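Chemist: First the structure, which I've put down as structure tokens, then a few questions once you've had a look.
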Protein chains: 2
Amino acid sequence: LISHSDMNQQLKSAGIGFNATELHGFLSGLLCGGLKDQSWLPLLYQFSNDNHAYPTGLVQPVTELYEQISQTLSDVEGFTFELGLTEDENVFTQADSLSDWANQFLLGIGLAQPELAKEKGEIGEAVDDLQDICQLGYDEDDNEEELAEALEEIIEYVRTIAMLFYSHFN
Amino acid sequence: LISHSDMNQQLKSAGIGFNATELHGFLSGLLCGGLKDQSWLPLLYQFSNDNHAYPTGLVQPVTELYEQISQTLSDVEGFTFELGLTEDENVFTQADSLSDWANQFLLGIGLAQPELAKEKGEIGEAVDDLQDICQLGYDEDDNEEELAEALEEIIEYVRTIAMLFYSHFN
């Protein structure tokens with residue numbers, strides 16, 4: 001699998017509407033909502049490229065990423081799924097990235113589960129929590145672990161939500 | 001059920017080693033680790049009162065709390081379990097309280113599951129995350145939602161962990 005920076009650059013040079021973090025969230029969202037056929041391709045094209053298919057050479061690593069996401073979620077022995085956020089050290093930039101990831105995960109899972117709004121219990125609470133997370137606002141020049149420590153826990157929670165969803169919907 | 005402030009005061013006047021938040025965590029920890037008999041009483045007495053039983057009048061509300069915790073975790077329709085933290089508005093004080101809660105939850109669940117250290121996958125990750133949460137350090141005079149927003153998500157994650165544990169161990 002190509003690196004995050006590598007994917008970011010191939011997507012940008014092809015003029016795709018998603019950066020690598022957004023691609024990771026959208027595809028994880030479709031898989032956690034239980035999508036199992038090849039309809040992820042036309043959905044990806046509709047929502048990230050104005051209905052145009054990706055060029056050859058980009059299609060392959062993107063598809064390898066899809067499969068890697070799918071396999072880790074089918075549980076390569078409990079909890080191997082990773083979010084695929086920015087590698088930027090600025091904690092405020094990691095915050096932004098998690099939010100960025102969350103918007104596309106919510107879009108994907110909602111396309112896969114058109115009646116998600118009806119879910120209650122823990123599934124409904126997680127849906128509400130991800131929606132709050134994509135607008136999680138911070139600031140100041142902190143650059144500290146204060147926000148870092150907190151963020152890492154929120155990240156573990158989002159990984160857990162991704163596992164709970166995949167199980168409920170697969 | 002008596003209020004949090006009420007329980008805090010009855011525990012303090014009886015010289016008990018736990019405040020109300022700590023009591024809530026310890027009992028939730030024993031129940032999430034699957035304890036099902038009346039051994040929670042001598043364990044509570046050993047770890048919160050130097051092996052002395054609680055006085056009459058305190059024993060009753062404490063036992064009502066135990067039952068309330070047990071019933072909400074058996075899932076009074078998905079996700080009704082609450083942590084029972086401090087009602088103090090200072091976000092830094094809520095942070096401290098969550099940590100306070102987490103130490104006793106970890107003590108309880110570990111007494112109920114003496115081999116918890118061997119768990120891997122998501123259960124092992126949650127155990128590691130709660131252990132990081134009880135030492136979650138913050139500071140400054142922020143008093144903001146910055147930390148508030150983040151804390152609420154961490155709180156939802158701990159509620160979720162409590163549900164995942166109860167299910168794995170009940």
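By convention here, the chains of the structure tokens are called A, B, ... in the order presented, each chain's residues are numbered starting at 1, and ligands are numbered starting at 1 in the order presented.
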Select all residues from chain B having any atom no more than 12 Å from an atom of chain A (counting only C-alpha atoms, ignoring ligands), output as a PDB file with N, CA, C and O atoms, in the first residue's frame.
Modeler:
ATOM      1  N   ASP B  75     -29.139  -3.639  30.045  1.00  0.00           N
ATOM      2  CA  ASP B  75     -29.581  -2.879  28.937  1.00  0.00           C
ATOM      3  C   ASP B  75     -30.978  -2.355  28.853  1.00  0.00           C
ATOM      4  O   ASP B  75     -31.672  -2.569  27.848  1.00  0.00           O
ATOM      5  N   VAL B  76     -31.419  -1.660  29.871  1.00  0.00           N
ATOM      6  CA  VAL B  76     -32.672  -0.999  29.796  1.00  0.00           C
ATOM      7  C   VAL B  76     -32.669  -0.264  28.438  1.00  0.00           C
ATOM      8  O   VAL B  76     -32.403   0.929  28.322  1.00  0.00           O
ATOM      9  N   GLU B  77     -32.997  -1.072  27.407  1.00  0.00           N
ATOM     10  CA  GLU B  77     -33.068  -0.802  25.955  1.00  0.00           C
ATOM     11  C   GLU B  77     -31.879  -0.028  25.396  1.00  0.00           C
ATOM     12  O   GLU B  77     -31.979   1.163  25.127  1.00  0.00           O
ATOM     13  N   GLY B  78     -30.765  -0.717  25.244  1.00  0.00           N
ATOM     14  CA  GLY B  78     -29.576  -0.112  24.701  1.00  0.00           C
ATOM     15  C   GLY B  78     -29.158   1.242  25.255  1.00  0.00           C
ATOM     16  O   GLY B  78     -29.874   2.240  25.186  1.00  0.00           O
ATOM     17  N   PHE B  79     -27.998   1.267  25.885  1.00  0.00           N
ATOM     18  CA  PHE B  79     -27.451   2.539  26.316  1.00  0.00           C
ATOM     19  C   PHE B  79     -28.131   3.471  27.295  1.00  0.00           C
ATOM     20  O   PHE B  79     -28.250   4.659  27.018  1.00  0.00           O
ATOM     21  N   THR B  80     -28.545   2.958  28.446  1.00  0.00           N
ATOM     22  CA  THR B  80     -29.119   3.825  29.449  1.00  0.00           C
ATOM     23  C   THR B  80     -28.126   4.011  30.634  1.00  0.00           C
ATOM     24  O   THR B  80     -28.330   4.802  31.529  1.00  0.00           O
ATOM     25  N   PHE B  81     -27.044   3.255  30.618  1.00  0.00           N
ATOM     26  CA  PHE B  81     -26.032   3.345  31.680  1.00  0.00           C
ATOM     27  C   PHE B  81     -25.326   4.686  31.692  1.00  0.00           C
ATOM     28  O   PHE B  81     -24.876   5.149  30.648  1.00  0.00           O
ATOM     29  N   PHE B  92     -12.374  21.288  34.428  1.00  0.00           N
ATOM     30  CA  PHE B  92     -11.177  20.626  34.946  1.00  0.00           C
ATOM     31  C   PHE B  92     -11.555  19.716  36.102  1.00  0.00           C
ATOM     32  O   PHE B  92     -10.888  18.710  36.376  1.00  0.00           O
ATOM     33  N   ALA B  95     -12.991  16.567  34.534  1.00  0.00           N
ATOM     34  CA  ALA B  95     -11.881  15.782  34.045  1.00  0.00           C
ATOM     35  C   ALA B  95     -11.353  14.923  35.155  1.00  0.00           C
ATOM     36  O   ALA B  95     -11.198  13.702  34.978  1.00  0.00           O
ATOM     37  N   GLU B 119      -6.406 -10.184  28.096  1.00  0.00           N
ATOM     38  CA  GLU B 119      -7.286  -9.883  26.989  1.00  0.00           C
ATOM     39  C   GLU B 119      -6.605  -9.079  25.911  1.00  0.00           C
ATOM     40  O   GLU B 119      -5.790  -8.193  26.189  1.00  0.00           O
ATOM     41  N   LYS B 120      -6.903  -9.418  24.658  1.00  0.00           N
ATOM     42  CA  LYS B 120      -6.344  -8.676  23.526  1.00  0.00           C
ATOM     43  C   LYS B 120      -7.460  -8.060  22.707  1.00  0.00           C
ATOM     44  O   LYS B 120      -8.551  -7.907  23.186  1.00  0.00           O
ATOM     45  N   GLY B 121      -7.174  -7.721  21.459  1.00  0.00           N
ATOM     46  CA  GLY B 121      -8.190  -7.148  20.596  1.00  0.00           C
ATOM     47  C   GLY B 121      -8.808  -5.868  21.159  1.00  0.00           C
ATOM     48  O   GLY B 121      -8.127  -5.044  21.805  1.00  0.00           O
ATOM     49  N   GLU B 122     -10.113  -5.730  20.980  1.00  0.00           N
ATOM     50  CA  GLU B 122     -10.763  -4.490  21.418  1.00  0.00           C
ATOM     51  C   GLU B 122     -10.861  -4.407  22.929  1.00  0.00           C
ATOM     52  O   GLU B 122     -10.843  -3.321  23.505  1.00  0.00           O
ATOM     53  N   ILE B 123     -10.988  -5.549  23.582  1.00  0.00           N
ATOM     54  CA  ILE B 123     -11.101  -5.528  25.034  1.00  0.00           C
ATOM     55  C   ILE B 123      -9.770  -5.057  25.652  1.00  0.00           C
ATOM     56  O   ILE B 123      -9.756  -4.190  26.539  1.00  0.00           O
ATOM     57  N   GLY B 124      -8.672  -5.585  25.142  1.00  0.00           N
ATOM     58  CA  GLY B 124      -7.352  -5.162  25.610  1.00  0.00           C
ATOM     59  C   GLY B 124      -7.093  -3.674  25.328  1.00  0.00           C
ATOM     60  O   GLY B 124      -6.428  -2.976  26.122  1.00  0.00           O
ATOM     61  N   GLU B 125      -7.563  -3.191  24.179  1.00  0.00           N
ATOM     62  CA  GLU B 125      -7.343  -1.772  23.812  1.00  0.00           C
ATOM     63  C   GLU B 125      -8.154  -0.843  24.753  1.00  0.00           C
ATOM     64  O   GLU B 125      -7.650   0.184  25.232  1.00  0.00           O
ATOM     65  N   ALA B 126      -9.370  -1.258  25.086  1.00  0.00           N
ATOM     66  CA  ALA B 126     -10.208  -0.473  25.966  1.00  0.00           C
ATOM     67  C   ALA B 126      -9.596  -0.450  27.365  1.00  0.00           C
ATOM     68  O   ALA B 126      -9.636   0.572  28.053  1.00  0.00           O
ATOM     69  N   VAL B 127      -9.002  -1.568  27.788  1.00  0.00           N
ATOM     70  CA  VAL B 127      -8.396  -1.649  29.105  1.00  0.00           C
ATOM     71  C   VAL B 127      -7.240  -0.626  29.095  1.00  0.00           C
ATOM     72  O   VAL B 127      -7.117   0.234  30.012  1.00  0.00           O
ATOM     73  N   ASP B 128      -6.443  -0.672  28.024  1.00  0.00           N
ATOM     74  CA  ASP B 128      -5.290   0.293  27.925  1.00  0.00           C
ATOM     75  C   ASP B 128      -5.796   1.740  27.889  1.00  0.00           C
ATOM     76  O   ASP B 128      -5.165   2.636  28.469  1.00  0.00           O
ATOM     77  N   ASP B 129      -6.894   1.982  27.159  1.00  0.00           N
ATOM     78  CA  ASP B 129      -7.456   3.351  27.042  1.00  0.00           C
ATOM     79  C   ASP B 129      -8.018   3.864  28.377  1.00  0.00           C
ATOM     80  O   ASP B 129      -7.864   5.054  28.704  1.00  0.00           O
ATOM     81  N   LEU B 130      -8.676   3.007  29.165  1.00  0.00           N
ATOM     82  CA  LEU B 130      -9.194   3.447  30.471  1.00  0.00           C
ATOM     83  C   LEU B 130      -8.000   3.785  31.393  1.00  0.00           C
ATOM     84  O   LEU B 130      -8.059   4.763  32.146  1.00  0.00           O
ATOM     85  N   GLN B 131      -6.965   2.948  31.358  1.00  0.00           N
ATOM     86  CA  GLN B 131      -5.773   3.200  32.162  1.00  0.00           C
ATOM     87  C   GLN B 131      -5.128   4.540  31.785  1.00  0.00           C
ATOM     88  O   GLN B 131      -4.590   5.215  32.660  1.00  0.00           O
ATOM     89  N   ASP B 132      -5.187   4.933  30.501  1.00  0.00           N
ATOM     90  CA  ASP B 132      -4.624   6.238  30.099  1.00  0.00           C
ATOM     91  C   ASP B 132      -5.560   7.330  30.559  1.00  0.00           C
ATOM     92  O   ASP B 132      -5.120   8.392  30.947  1.00  0.00           O
ATOM     93  N   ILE B 133      -6.860   7.051  30.518  1.00  0.00           N
ATOM     94  CA  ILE B 133      -7.861   8.011  30.927  1.00  0.00           C
ATOM     95  C   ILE B 133      -7.796   8.338  32.408  1.00  0.00           C
ATOM     96  O   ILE B 133      -8.086   9.490  32.802  1.00  0.00           O
ATOM     97  N   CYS B 134      -7.456   7.382  33.262  1.00  0.00           N
ATOM     98  CA  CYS B 134      -7.422   7.770  34.654  1.00  0.00           C
ATOM     99  C   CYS B 134      -6.225   8.709  34.987  1.00  0.00           C
ATOM    100  O   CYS B 134      -6.186   9.323  36.036  1.00  0.00           O
ATOM    101  N   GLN B 135      -5.312   8.884  34.067  1.00  0.00           N
ATOM    102  CA  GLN B 135      -4.209   9.796  34.329  1.00  0.00           C
ATOM    103  C   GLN B 135      -4.265  10.932  33.321  1.00  0.00           C
ATOM    104  O   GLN B 135      -3.266  11.626  33.083  1.00  0.00           O
ATOM    105  N   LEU B 136      -5.425  11.094  32.671  1.00  0.00           N
ATOM    106  CA  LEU B 136      -5.594  12.139  31.677  1.00  0.00           C
ATOM    107  C   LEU B 136      -5.389  13.470  32.383  1.00  0.00           C
ATOM    108  O   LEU B 136      -6.179  13.900  33.228  1.00  0.00           O
ATOM    109  N   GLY B 137      -4.298  14.105  31.989  1.00  0.00           N
ATOM    110  CA  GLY B 137      -3.859  15.349  32.557  1.00  0.00           C
ATOM    111  C   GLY B 137      -4.132  16.521  31.660  1.00  0.00           C
ATOM    112  O   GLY B 137      -3.939  16.477  30.459  1.00  0.00           O
ATOM    113  N   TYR B 138      -4.587  17.594  32.298  1.00  0.00           N
ATOM    114  CA  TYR B 138      -4.941  18.852  31.668  1.00  0.00           C
ATOM    115  C   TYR B 138      -4.488  19.993  32.549  1.00  0.00           C
ATOM    116  O   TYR B 138      -3.825  19.780  33.565  1.00  0.00           O
ATOM    117  N   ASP B 139      -4.846  21.207  32.160  1.00  0.00           N
ATOM    118  CA  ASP B 139      -4.498  22.374  32.949  1.00  0.00           C
ATOM    119  C   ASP B 139      -4.831  23.624  32.191  1.00  0.00           C
ATOM    120  O   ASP B 139      -5.395  23.600  31.096  1.00  0.00           O
ATOM    121  N   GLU B 140      -4.437  24.711  32.824  1.00  0.00           N
ATOM    122  CA  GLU B 140      -4.612  26.070  32.407  1.00  0.00           C
ATOM    123  C   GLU B 140      -5.987  26.519  32.954  1.00  0.00           C
ATOM    124  O   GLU B 140      -6.664  25.758  33.630  1.00  0.00           O
ATOM    125  N   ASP B 142      -8.483  27.479  31.104  1.00  0.00           N
ATOM    126  CA  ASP B 142      -9.401  27.338  29.980  1.00  0.00           C
ATOM    127  C   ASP B 142     -10.894  27.374  30.372  1.00  0.00           C
ATOM    128  O   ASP B 142     -11.642  28.237  29.918  1.00  0.00           O
ATOM    129  N   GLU B 144     -13.081  26.219  29.287  1.00  0.00           N
ATOM    130  CA  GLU B 144     -13.772  26.264  28.016  1.00  0.00           C
ATOM    131  C   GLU B 144     -14.485  25.022  27.576  1.00  0.00           C
ATOM    132  O   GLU B 144     -14.488  24.001  28.265  1.00  0.00           O
ATOM    133  N   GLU B 145     -15.115  25.139  26.410  1.00  0.00           N
ATOM    134  CA  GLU B 145     -15.821  24.021  25.819  1.00  0.00           C
ATOM    135  C   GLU B 145     -14.761  23.291  25.059  1.00  0.00           C
ATOM    136  O   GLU B 145     -14.933  22.131  24.722  1.00  0.00           O
ATOM    137  N   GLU B 146     -13.649  23.972  24.792  1.00  0.00           N
ATOM    138  CA  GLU B 146     -12.564  23.306  24.102  1.00  0.00           C
ATOM    139  C   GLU B 146     -12.423  21.957  24.806  1.00  0.00           C
ATOM    140  O   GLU B 146     -12.687  20.904  24.213  1.00  0.00           O
ATOM    141  N   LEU B 147     -12.030  21.998  26.078  1.00  0.00           N
ATOM    142  CA  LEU B 147     -11.864  20.780  26.840  1.00  0.00           C
ATOM    143  C   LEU B 147     -13.212  20.112  27.084  1.00  0.00           C
ATOM    144  O   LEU B 147     -13.298  18.902  27.117  1.00  0.00           O
ATOM    145  N   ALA B 148     -14.272  20.887  27.229  1.00  0.00           N
ATOM    146  CA  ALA B 148     -15.596  20.299  27.470  1.00  0.00           C
ATOM    147  C   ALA B 148     -16.050  19.354  26.354  1.00  0.00           C
ATOM    148  O   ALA B 148     -16.448  18.211  26.606  1.00  0.00           O
ATOM    149  N   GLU B 149     -16.013  19.863  25.120  1.00  0.00           N
ATOM    150  CA  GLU B 149     -16.401  19.118  23.928  1.00  0.00           C
ATOM    151  C   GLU B 149     -15.643  17.808  23.842  1.00  0.00           C
ATOM    152  O   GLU B 149     -16.250  16.767  23.630  1.00  0.00           O
ATOM    153  N   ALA B 150     -14.327  17.883  23.998  1.00  0.00           N
ATOM    154  CA  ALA B 150     -13.489  16.697  23.976  1.00  0.00           C
ATOM    155  C   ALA B 150     -13.902  15.718  25.103  1.00  0.00           C
ATOM    156  O   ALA B 150     -14.091  14.512  24.866  1.00  0.00           O
ATOM    157  N   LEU B 151     -14.041  16.242  26.324  1.00  0.00           N
ATOM    158  CA  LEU B 151     -14.409  15.415  27.457  1.00  0.00           C
ATOM    159  C   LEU B 151     -15.715  14.665  27.244  1.00  0.00           C
ATOM    160  O   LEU B 151     -15.804  13.478  27.555  1.00  0.00           O
ATOM    161  N   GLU B 152     -16.732  15.326  26.715  1.00  0.00           N
ATOM    162  CA  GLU B 152     -17.980  14.639  26.509  1.00  0.00           C
ATOM    163  C   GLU B 152     -17.791  13.423  25.589  1.00  0.00           C
ATOM    164  O   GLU B 152     -18.458  12.396  25.780  1.00  0.00           O
ATOM    165  N   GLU B 153     -16.892  13.508  24.608  1.00  0.00           N
ATOM    166  CA  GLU B 153     -16.710  12.363  23.696  1.00  0.00           C
ATOM    167  C   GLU B 153     -16.005  11.244  24.416  1.00  0.00           C
ATOM    168  O   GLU B 153     -16.285  10.053  24.148  1.00  0.00           O
ATOM    169  N   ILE B 154     -15.063  11.613  25.292  1.00  0.00           N
ATOM    170  CA  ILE B 154     -14.310  10.612  26.040  1.00  0.00           C
ATOM    171  C   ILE B 154     -15.309   9.932  26.987  1.00  0.00           C
ATOM    172  O   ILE B 154     -15.257   8.729  27.179  1.00  0.00           O
ATOM    173  N   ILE B 155     -16.226  10.704  27.537  1.00  0.00           N
ATOM    174  CA  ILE B 155     -17.225  10.143  28.421  1.00  0.00           C
ATOM    175  C   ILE B 155     -18.106   9.144  27.677  1.00  0.00           C
ATOM    176  O   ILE B 155     -18.391   8.042  28.198  1.00  0.00           O
ATOM    177  N   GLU B 156     -18.525   9.474  26.451  1.00  0.00           N
ATOM    178  CA  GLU B 156     -19.353   8.542  25.661  1.00  0.00           C
ATOM    179  C   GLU B 156     -18.547   7.265  25.393  1.00  0.00           C
ATOM    180  O   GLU B 156     -19.077   6.185  25.433  1.00  0.00           O
ATOM    181  N   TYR B 157     -17.265   7.408  25.086  1.00  0.00           N
ATOM    182  CA  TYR B 157     -16.399   6.252  24.838  1.00  0.00           C
ATOM    183  C   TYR B 157     -16.364   5.365  26.125  1.00  0.00           C
ATOM    184  O   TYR B 157     -16.458   4.143  26.037  1.00  0.00           O
ATOM    185  N   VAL B 158     -16.205   5.959  27.317  1.00  0.00           N
ATOM    186  CA  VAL B 158     -16.150   5.159  28.533  1.00  0.00           C
ATOM    187  C   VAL B 158     -17.520   4.478  28.747  1.00  0.00           C
ATOM    188  O   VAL B 158     -17.581   3.323  29.125  1.00  0.00           O
ATOM    189  N   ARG B 159     -18.595   5.159  28.482  1.00  0.00           N
ATOM    190  CA  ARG B 159     -19.909   4.460  28.578  1.00  0.00           C
ATOM    191  C   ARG B 159     -19.981   3.275  27.633  1.00  0.00           C
ATOM    192  O   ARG B 159     -20.581   2.220  27.990  1.00  0.00           O
ATOM    193  N   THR B 160     -19.426   3.434  26.422  1.00  0.00           N
ATOM    194  CA  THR B 160     -19.431   2.372  25.446  1.00  0.00           C
ATOM    195  C   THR B 160     -18.562   1.207  25.903  1.00  0.00           C
ATOM    196  O   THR B 160     -18.925   0.010  25.733  1.00  0.00           O
ATOM    197  N   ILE B 161     -17.386   1.532  26.418  1.00  0.00           N
ATOM    198  CA  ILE B 161     -16.517   0.502  26.953  1.00  0.00           C
ATOM    199  C   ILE B 161     -17.272  -0.284  28.053  1.00  0.00           C
ATOM    200  O   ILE B 161     -17.229  -1.531  28.083  1.00  0.00           O
ATOM    201  N   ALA B 162     -17.972   0.417  28.927  1.00  0.00           N
ATOM    202  CA  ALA B 162     -18.723  -0.273  29.982  1.00  0.00           C
ATOM    203  C   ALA B 162     -19.770  -1.263  29.388  1.00  0.00           C
ATOM    204  O   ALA B 162     -19.934  -2.385  29.872  1.00  0.00           O
ATOM    205  N   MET B 163     -20.397  -0.893  28.281  1.00  0.00           N
ATOM    206  CA  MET B 163     -21.328  -1.785  27.626  1.00  0.00           C
ATOM    207  C   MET B 163     -20.600  -2.993  26.972  1.00  0.00           C
ATOM    208  O   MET B 163     -21.060  -4.147  27.070  1.00  0.00           O
ATOM    209  N   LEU B 164     -19.477  -2.750  26.302  1.00  0.00           N
ATOM    210  CA  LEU B 164     -18.720  -3.821  25.661  1.00  0.00           C
ATOM    211  C   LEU B 164     -18.172  -4.835  26.674  1.00  0.00           C
ATOM    212  O   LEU B 164     -18.009  -6.045  26.388  1.00  0.00           O
TER     213      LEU B 164
END
Chemist: Considering only C-alpha atoms, can you say which of A:4, A:165, A:94, A:40 comes closest to residue 67 (chain A)?
Modeler: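 Among A:4, A:165, A:94, A:40, it is A:40 that comes nearest to residue 67 (chain A).
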Chemist: Which residue out of B:58, B:65, B:83, B:98 has the minimum interatomic distance to residue 12 (chain B) when only C-alpha atoms are used?
Modeler: B:58
Chemist: Using only C-alpha atoms, determine which residues lie at most 12 Å from residue 45 (chain A), disregarding the query and same-chain residues fewer than 4 positions distant; provide the list as a list in words.
Modeler: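 Non-adjacent residues within range: residues 16, 17, 18, 23, 26, 27, 39, 40, 41, 49, 50, 51, 52, 53, 54, 55, 59 and 62 of chain A.
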Chemist: For the residues in the current selection, export N, CA and C atoms as a short mmCIF file (atom, residue, chain, number, x, y, z; two decimals), in the first residue's frame.
Modeler:
data_model
loop_
_atom_site.label_atom_id
_atom_site.label_comp_id
_atom_site.auth_asym_id
_atom_site.auth_seq_id
_atom_site.Cartn_x
_atom_site.Cartn_y
_atom_site.Cartn_z
N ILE A 16 -9.01 15.13 -8.03
CA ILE A 16 -10.09 14.47 -7.28
C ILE A 16 -10.59 15.35 -6.14
N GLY A 17 -11.89 15.33 -5.88
CA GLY A 17 -12.44 16.13 -4.80
C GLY A 17 -12.09 15.71 -3.37
N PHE A 18 -11.46 14.53 -3.17
CA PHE A 18 -11.09 14.08 -1.81
C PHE A 18 -9.59 14.07 -1.66
N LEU A 23 -10.80 10.19 1.49
CA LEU A 23 -11.02 8.91 0.76
C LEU A 23 -11.16 7.77 1.81
N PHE A 26 -14.66 7.91 3.61
CA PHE A 26 -15.78 7.56 2.75
C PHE A 26 -15.80 6.04 2.55
N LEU A 27 -14.67 5.49 2.15
CA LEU A 27 -14.65 4.02 1.93
C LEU A 27 -14.90 3.26 3.22
N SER A 39 -20.57 -1.48 -6.15
CA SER A 39 -21.23 -0.18 -6.26
C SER A 39 -20.44 0.89 -5.54
N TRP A 40 -19.43 0.53 -4.77
CA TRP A 40 -18.63 1.57 -4.10
C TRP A 40 -17.93 2.44 -5.14
N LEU A 41 -17.62 1.86 -6.31
CA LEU A 41 -16.94 2.61 -7.36
C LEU A 41 -17.79 3.79 -7.93
N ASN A 49 -15.61 13.01 -7.54
CA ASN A 49 -15.12 13.39 -8.86
C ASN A 49 -16.18 13.79 -9.87
N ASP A 50 -17.29 14.32 -9.38
CA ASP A 50 -18.36 14.74 -10.25
C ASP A 50 -18.78 13.64 -11.26
N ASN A 51 -18.89 12.39 -10.82
CA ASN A 51 -19.29 11.30 -11.71
C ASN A 51 -18.31 10.86 -12.82
N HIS A 52 -17.04 11.24 -12.72
CA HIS A 52 -15.98 10.80 -13.64
C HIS A 52 -15.14 9.74 -12.92
N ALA A 53 -14.74 8.69 -13.64
CA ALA A 53 -14.00 7.61 -13.03
C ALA A 53 -12.61 8.12 -12.82
N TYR A 54 -11.88 7.50 -11.88
CA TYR A 54 -10.51 7.86 -11.56
C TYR A 54 -9.59 7.36 -12.73
N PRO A 55 -8.45 8.00 -12.97
CA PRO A 55 -7.57 7.55 -14.07
C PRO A 55 -6.83 6.27 -13.75
N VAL A 59 -6.67 4.28 -9.85
CA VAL A 59 -7.67 3.26 -9.58
C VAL A 59 -7.07 2.08 -8.79
N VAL A 62 -6.21 2.85 -4.99
CA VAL A 62 -7.46 3.16 -4.31
C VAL A 62 -8.20 1.84 -3.99
#
Chemist: So that I can check the surroundings of residue 36 (chain B), please list as a VMD selection string every protein, DNA and RNA residue that reaches within 10 Å of it, counting only C-alpha atoms and ignoring chain neighbours fewer than 6 positions away.
Modeler: chain B and resid 30 70 112 170
Chemist: Name the residues of region 1-168 of chain B that fall into helix (DSSP H, G or I) according to DSSP on the backbone, using the chain letters and numbers of this document, as an MDAnalysis selection string.
Modeler: chainID B and resid 4:13 20:32 40:48 59:73 91:112 116:118 121:133 145:168
Chemist: Suppose you want the space between CA of residue 101 (chain A) and CA of residue 167 (chain B); what is it in Å?
Modeler: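 Separating CA of residue 101 (chain A) from CA of residue 167 (chain B) is a distance of 29.0 Å.
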Chemist: CA of residue 63 (chain B) to CA of residue 2 (chain B): how many Å, to one decimal?
Modeler: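 Going from CA of residue 63 (chain B) over to CA of residue 2 (chain B) covers 11.5 Å.
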Chemist: Could you give me, as number ranges by chain, the residues within 9 Å of residue 110 (chain B), counting only C-alpha atoms and dropping anything in the same chain fewer than 4 positions from it?
Modeler: B: 29-30, 33, 105-106, 114-117
Chemist: Could you dump the residues just selected with N, CA, C and O atoms as an mmCIF file, in the first residue's frame?
Modeler:
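And here is the file that came out, out_15.cif:
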data_model
loop_
_atom_site.group_PDB
_atom_site.id
_atom_site.type_symbol
_atom_site.label_atom_id
_atom_site.label_comp_id
_atom_site.auth_asym_id
_atom_site.auth_seq_id
_atom_site.Cartn_x
_atom_site.Cartn_y
_atom_site.Cartn_z
ATOM 1 N N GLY B 29 -17.592 -1.335 37.877
ATOM 2 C CA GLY B 29 -16.468 -2.193 37.481
ATOM 3 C C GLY B 29 -16.718 -3.683 37.827
ATOM 4 O O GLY B 29 -16.447 -4.560 36.977
ATOM 5 N N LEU B 30 -17.212 -3.942 39.048
ATOM 6 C CA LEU B 30 -17.573 -5.294 39.453
ATOM 7 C C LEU B 30 -18.709 -5.853 38.528
ATOM 8 O O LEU B 30 -18.639 -7.025 38.037
ATOM 9 N N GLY B 33 -17.522 -6.659 34.997
ATOM 10 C CA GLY B 33 -16.607 -7.764 34.961
ATOM 11 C C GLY B 33 -17.409 -9.040 35.159
ATOM 12 O O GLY B 33 -16.814 -10.120 35.241
ATOM 13 N N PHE B 105 -13.287 1.960 38.567
ATOM 14 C CA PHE B 105 -13.862 1.024 37.638
ATOM 15 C C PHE B 105 -12.783 -0.028 37.300
ATOM 16 O O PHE B 105 -13.026 -1.255 37.277
ATOM 17 N N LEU B 106 -11.556 0.429 37.027
ATOM 18 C CA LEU B 106 -10.503 -0.519 36.715
ATOM 19 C C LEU B 106 -10.203 -1.487 37.862
ATOM 20 O O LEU B 106 -9.884 -2.669 37.606
ATOM 21 N N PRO B 114 -9.651 -11.441 37.203
ATOM 22 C CA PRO B 114 -8.256 -11.516 37.613
ATOM 23 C C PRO B 114 -7.282 -11.776 36.496
ATOM 24 O O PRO B 114 -6.103 -11.559 36.677
ATOM 25 N N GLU B 115 -7.751 -12.246 35.342
ATOM 26 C CA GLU B 115 -6.875 -12.485 34.194
ATOM 27 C C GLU B 115 -7.124 -11.456 33.068
ATOM 28 O O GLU B 115 -6.833 -11.712 31.929
ATOM 29 N N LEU B 116 -7.663 -10.286 33.393
ATOM 30 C CA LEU B 116 -7.930 -9.273 32.376
ATOM 31 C C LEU B 116 -6.705 -8.895 31.576
ATOM 32 O O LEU B 116 -6.801 -8.544 30.359
ATOM 33 N N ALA B 117 -5.530 -8.940 32.219
ATOM 34 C CA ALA B 117 -4.292 -8.561 31.518
ATOM 35 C C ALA B 117 -4.067 -9.390 30.250
ATOM 36 O O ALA B 117 -3.387 -8.942 29.336
#
Chemist: One decimal, Å: what's the distance from CA of residue 87 (chain B) over to CA of residue 19 (chain B), could you say?
Modeler: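 Here the two named atoms are 12.9 Å from each other.
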